[PDB]
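Down below is the structure, laid out as structure tokens.
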Amino acid sequence: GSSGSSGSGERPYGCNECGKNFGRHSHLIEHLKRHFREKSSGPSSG
Ligand SMILES: [Zn+2]
């Protein structure tokens with residue numbers, strides 16, 4: 001038969017804030033840096 005039908009790997013670290021995945025612990029951390037850092041998404045205040 002056919003199972004998985006995929007050839008990439010495993011991505012346990014799946015960010016929720018936006019919905020990103022990774023294959024390492026750090027990869028996720030560094031990624032989260034963006035969300036935390038209020039630069040792109042933010043209220044209307046200058
Ligand atoms: Zn994310």
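In the structure tokens, each chain is lettered A, B, ... as it comes, each chain's residues begin at 1, and ligands are numbered from 1 in order of appearance.
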Practice task
Output as a list in words all residues of chain A that backbone DSSP marks as strand (DSSP E).
Solution key: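 Answer for chain A restricted to strand (DSSP E) is residues 13, 14, 21 and 22 of chain A.
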Exercise for the section: Give as a VMD selection string the residues surrounding ligand 1 up to a distance of 6 Å, considering only C-alpha atoms and all ligand atoms. Expected result: chain A and resid 15 to 20 32
Practice task
Write down as a ChimeraX atom specification the residues belonging to chain A that are assigned alpha helix (DSSP H) by DSSP computed on the backbone.
Solution key: /A:25-36
Problem - Residues near segment 1-14 of chain A, cut-off 8 Å, only C-alpha atoms, skip fewer than 4 positions along chain, as a PyMOL selection string - result: chain A and resi 19-25+28
